[PDB]
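Read through the structure below, which is laid out as structure tokens, and then see the notes.
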Amino acid sequence: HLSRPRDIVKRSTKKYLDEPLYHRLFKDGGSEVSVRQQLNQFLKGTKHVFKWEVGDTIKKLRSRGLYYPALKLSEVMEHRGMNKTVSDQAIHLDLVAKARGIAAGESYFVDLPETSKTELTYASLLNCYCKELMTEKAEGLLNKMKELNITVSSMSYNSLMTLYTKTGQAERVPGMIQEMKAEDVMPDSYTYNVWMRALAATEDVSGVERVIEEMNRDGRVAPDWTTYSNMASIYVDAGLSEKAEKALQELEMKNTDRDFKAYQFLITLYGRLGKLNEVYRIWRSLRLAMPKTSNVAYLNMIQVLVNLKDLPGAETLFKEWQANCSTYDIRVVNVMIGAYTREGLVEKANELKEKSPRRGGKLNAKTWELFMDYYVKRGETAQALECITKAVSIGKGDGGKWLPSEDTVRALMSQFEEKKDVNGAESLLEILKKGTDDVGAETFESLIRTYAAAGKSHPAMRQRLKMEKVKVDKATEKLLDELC
RNA sequence: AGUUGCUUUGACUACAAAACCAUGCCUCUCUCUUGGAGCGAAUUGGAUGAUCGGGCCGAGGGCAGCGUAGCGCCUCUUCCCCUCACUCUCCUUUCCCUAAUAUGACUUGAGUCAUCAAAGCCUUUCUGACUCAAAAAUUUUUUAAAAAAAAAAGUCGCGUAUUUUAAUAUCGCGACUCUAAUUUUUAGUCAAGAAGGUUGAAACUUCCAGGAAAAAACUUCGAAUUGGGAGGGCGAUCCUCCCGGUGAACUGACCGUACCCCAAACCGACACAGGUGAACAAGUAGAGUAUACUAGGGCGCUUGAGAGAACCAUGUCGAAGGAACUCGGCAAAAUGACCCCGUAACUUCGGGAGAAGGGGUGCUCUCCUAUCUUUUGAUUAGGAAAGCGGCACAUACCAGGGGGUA
RNA sequence: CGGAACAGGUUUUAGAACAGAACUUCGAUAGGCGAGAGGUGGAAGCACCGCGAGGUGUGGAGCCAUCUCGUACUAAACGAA
Ligand SMILES: [K+]
Ligand SMILES: [K+]
Ligand SMILES: [K+]
Ligand SMILES: [Mg+2]
Ligand SMILES: [Mg+2]
Ligand SMILES: [Mg+2]
Ligand SMILES: [Mg+2]
Ligand SMILES: [Mg+2]
Ligand SMILES: [Mg+2]
Ligand SMILES: [Mg+2]
Ligand SMILES: [Mg+2]
Ligand SMILES: [Mg+2]
Ligand SMILES: [Mg+2]
Ligand SMILES: [Mg+2]
Ligand SMILES: [Mg+2]
Ligand SMILES: [Mg+2]
Ligand SMILES: [Mg+2]
Ligand SMILES: [Mg+2]
Ligand SMILES: [Mg+2]
Ligand SMILES: [Mg+2]
Ligand SMILES: [Mg+2]
Ligand SMILES: [Mg+2]
Ligand SMILES: [Mg+2]
Ligand SMILES: [Mg+2]
Ligand SMILES: [Mg+2]
Ligand SMILES: [Mg+2]
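Written as structure tokens, this is what we have:
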């Protein structure tokens with residue numbers, strides 16, 4: 005067409021790619037490794053792409069959390085002659101701050117031309133400040149925008165209110181609503197969502213009703229499914245059931261595009277509301293809308309059925325998932341493992357655990373966490389320490405360190421007190437050294453009573469000075485000084 | 001010396017949505033590319049009930065030709081096909097509406113902005129995935145010992161009976177497809193990155209005239225400083241092996257650096273039209289670094305105002321004639337480019353030769369070919385063919401006079 | 001002839017400077033403006049024909065080195081010098 009002359013179907017195959025770049029980079033899947041491999045293969049080739057094609061590929065990569073390939077594509081395409089606009093510079097500033105850190109984003113903003121330091125790049129840097137939970141730099145940049153007569157849109161106000169709600173100072177949001185209404189900046193739907201979230205955060209349920217009433221009477225913001233999802237979440241957490249039913253029915257009515265996330269919200273909010281038939285109806289609607297249902301929807305649905313005490317239905321849906329899964333996700337298997345171990349059916353959970361790695365899903369720290377929770381609840385410590393070692397050695401899936409919960413360690417040390425197991429207590433302390441460094445409160449401050457079986461260790465109050473000093477209770481040094 | 005490389009390559013699409021609550025274990029575990037559940041219609045469907053009409057088969061008595069069984073004729077309604085209603089739970093074809101199909105909704109009018117080491121090779125080095133390899137795990141076979149090996153699911157089909165009814169299961173089989181698992185470790189490969197160096201900066205071919213030196217630098221080897229370990233030692237800090245041995249959040253002294261440098265600053269007595277290495281040097285026309293014009297950068301040349309005689313210098317043009325000029329065609333004029341045709345005497349067979357002599361050349365349209373067209377259903381180059389304008393189409397600039405004979 | 005002749009200014013049929021000749025405001029000396037002659041040869045704009053290069057009409061069109069005529073608008077006595 006004349007309005008869109010750079011057609012991606014009719015373009016020459018000698019100069020350009022045979023397929024769109026946002027299809028080419030996701031040819032082998034949406035994983036980070038495959039996308040980086042496809043980007044490396046594309047950048048070594050001789051076929052070219054459009055500017056809007058690169059922009060669409062960057063926006064598609066941003067929506068899936070692939071910030072490094074988006075930043076690499078933007079930088080290499082800019083180095084090859086694709087000149088950035090101010091909007092592209094704001095997008096690139098956000099990409100730099102997402103992939104390399106906020107200091108690199110500030111360095112990119114400083115090195116920008118002075119004519120490129122406009123409302124778009126200022127708003128992008130403000131959003132990057134608000135996402136990183138830095139209130140001082142966000143307030144300083146907002147005051148700098150107000151000083152230089154740079155217009156603060158509703159998006160920047162929304163980012164500031166989200167920062168206030170996430171930090172804990174949610175009382176400042178209703179002041180910011182009137183501040184926004186003072187400068188004739190009109191709210192969007194997210195403004196009302198974060199406003200009702202902040203009003204529910206200050207233990208004011210009745211404030212949500214005037215927000216939705218004035219949104220209806222505003223006449224310039226059309227409600228969507230996220231507004232009713234926010235209302236339904238507020239009503240479910242507040243204990244109100246009928247208003248949650250009305251909000252979820254409105255969410256179903258407003259979900260005209262059959263969004264996957266809205267279906268997850270519907271399934272989980274009916275799951276927390278306890279209505280099983282509504283859960284099954286939403287599941288049938290989702291399976292109608294998504295003929296090849298992904299692992300995330302099964303992971304939510306089977307967990308909801310387990311929570312609502314429908315174990316044969318959860319088993320049937322798990323068997324249906326097992327026969328159609330392209331990737332054997334371990335989280336769906338962990339749902340059934342937790343369901344079996346919480347009900348004492350350890351044989352089925354052990355069968356699932358011993359048959360899962362051949363099916364394609366290696367065990368993570370959550371599987372061993374469920375098993376050690378079962379062993380702690382049953383009272384067996386030797387089998388629990390093995391699962392603790394397995395979960396510590398596996399670690400978290402995002403690269404972090406896995407540690408047992410405080411209550412579980414407290415219960416396990418209480419179990420070691422009764423059987424006078426000094427060796428098991430020392431092994432648990434060794435694992436807690438291997439996991440963290442502080443480990444001081446109730447972990448071994450009153451747990452010197454485990455030593456009251458046969459003798460005591462050498463250092464005689466010099467051991468408790470090594471782990472950055474721990475102070476024991478006043479009733480614990482009596483038997484400690486008795487054995488010196 | 002000649003080739004092949006070094007020789008730049010792209011974008012122009014207008015776009016802050018990147019700000020989120022449920023669950024959470026890295027919650028899209030990897031979603032690139034799926035039409036609608038419209039209270040929307042028309043031919044069709046049907047989960048339904050009767051009436052009328054038509055048509056087999058069939059039923060008995062018979063008129064019928066046998067000792068059983070007949071061929072035409074005569075009374076009947078089931079069963080099926082239709083029709084009027086009830087009707088949305090299944091199928092077929094199309095239309096409307098809504099969704100999606102990449103954002104938003106004149107100045108490349110011959111430009112602007114980027115880029116200007118890409119691609120390789122060699123050392124390391126962090127992290128992933130796969131592969132063994134190998135051992136420890138269990139079964140079979142062979143003689144407690146040795147050899148070979150599967151483990152988990154989905155789909156199709158066959159023969160056979162167990163519930164207080166989740167029998168879509170349990171019993172044995174034949175076939176197909178998919179996955180690699182408990183622990184330990186090596187060696188490897190790929191993948192994704194981070195530090196160094198190094199090549200590109202030259203390679204090949206041919207030729208004769210046969211194309212620097214240097215314990216400088218570099219690679220190697222030896223010995224090794226003020227170091228750290230492991231075994232001998234009736235010893236004296238001795239002997240033999242191993243690692244390190246120029247390493248860095250050490251330090252890198254001294255001298256030049258202004259300014260001119262085709263020039264008014266250097267060599268010429270001058271602020272002198274002379275002389276003064278190499279490197280870089282955008283665009284259009286062009287074979288070109290020729291030549292014309294040109295931005296950028298630099299400069300207007302350190303005497304001017306008038307007048308527009310002779311004469312002198314340097315240029316433009318010139319009737320008719322065309323070397324009669326003169327020592328002599330001196331000077332000038334002329335020729336001049338590319339493509340095509342054509343090219344003599346003579347010759348040492350290499351030449352002569354661009355011999356000489358001729359023709360065409362602009363623009364527009366349309367075909368044909370190709371350009372080894374990185375926007376291939378329209379652009380450049382070449383050729384045909386038909387037209388258009390002028391005195392003139394190598395239109396300016398640039399750019400052989402030719403022949404005969406001593 | 002006797003406040004004559006010069007000089008100055010605008011010029012030119014004259015001219016190296018000088019000299020000559022014309023005119024010097026009750027003035028056409030030069031410039032300008034207007035008209036005509038003369039040269040060139042058919043402007044622009046618009047319309048029509050053609051795919052196009054281009055062609056046709058409006059229309060001896062448009063333009064102006066010179067020459068003549070008209071005309072004090074400017075400079076020559078604007079010399080209340
Ligand atoms: K110099
Ligand atoms: K020139
Ligand atoms: K003169
Ligand atoms: Mg040496
Ligand atoms: Mg200098
Ligand atoms: Mg001299
Ligand atoms: Mg000099
Ligand atoms: Mg000079
Ligand atoms: Mg030349
Ligand atoms: Mg030149
Ligand atoms: Mg200039
Ligand atoms: Mg001078
Ligand atoms: Mg003269
Ligand atoms: Mg003549
Ligand atoms: Mg003549
Ligand atoms: Mg002649
Ligand atoms: Mg003569
Ligand atoms: Mg003579
Ligand atoms: Mg003579
Ligand atoms: Mg001559
Ligand atoms: Mg000449
Ligand atoms: Mg041509
Ligand atoms: Mg005179
Ligand atoms: Mg006059
Ligand atoms: Mg005439
Ligand atoms: Mg003209």
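The first sequence: position 27 = 31 (the authors' numbering), numbered continuously.
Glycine residues also receive a C-beta, built at the ideal position from the N, C-alpha and C atoms.
- Per DSSP, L137 lies in no alpha helix (DSSP H) and is assigned neither H nor E.
- Remark: C-beta atoms of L77 and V58 approach each other more closely than 8 Å.
- Shortest Cα-Cα distance from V100 to any of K141, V156, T122, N131 involves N131.
- Counted as a single uninterrupted DSSP element, the alpha helix (DSSP H) harbouring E434 occupies residues 426 to 439.
- Excluding the 5 residues flanking it on each side, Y455 has same chain C-beta neighbours closer than 8 Å at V426, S461, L487, in chain order.
- Straight across, the Cα-Cα distance linking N153 with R224 is about 26 Å.
- Between the beta-carbon of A343 and that of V310 there is about 4 Å, and that keeps the pair under the 8 Å contact cut.
- Of the candidates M376, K478, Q268, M376 places its Cα closest to the Cα of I392.
- Approximately 20 Å separates the beta-carbon atoms of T61 and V90; this is outside 8 Å, ruling out the contact.
- Under the criterion of beta carbons closer than 8 Å, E449 and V476 qualify as touching, at roughly 5 Å.
- Spatial neighbours of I306 in its own chain (CB-CB distance under 8 Å, excluding positions within 5 residues in sequence) are listed in chain order as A318, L321, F322, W325, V336, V339, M340.
- With respect to the 8 Å criterion, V177 and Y168 are classified as neighbours on the basis of their beta carbons.
- DSSP links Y20 through a beta bridge to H52.
- Look at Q173 here: in three-state DSSP terms it is coil, with no helix or strand label.
- In the DSSP assignment, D92 falls within the unbroken alpha helix (DSSP H) covering 90 to 103.
- Exposed is the label assigned to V13, since fewer than 16 other Cβ atoms lie within 10 Å of its Cβ.
- Cβ atoms of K438 and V396 come within 8 Å of each other, at about 6 Å.
- Taken in chain order, the whole alpha helix (DSSP H) runs of length 4 or more contained in the segment 333 to 365 are 334 to 346, 350 to 363.
- In the displayed model, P9 falls within coil according to three-state DSSP, outside both helix and strand.
- Rounded to whole angstroms, the gap between the alpha carbons of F264 and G275 is 16 Å.
- For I392, the enclosing alpha helix (DSSP H) stretches over residues 386 to 398.
- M200 and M235 do touch by the CB rule: their CB atoms are close to 7 Å apart, below 8 Å.
- Between the C-alpha atoms of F30 and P73 there is a straight-line separation of about 11 Å.
- By the CB criterion at 8 Å, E36 and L70 fall inside the cutoff.
- Of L129, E151, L407, the smallest CA-CA separation from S111 is found for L129.
- Less than 8 Å separates the beta-carbon of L255 from that of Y232.
- Per DSSP, the continuous alpha helix (DSSP H) segment holding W372 begins and ends at 369 to 382.
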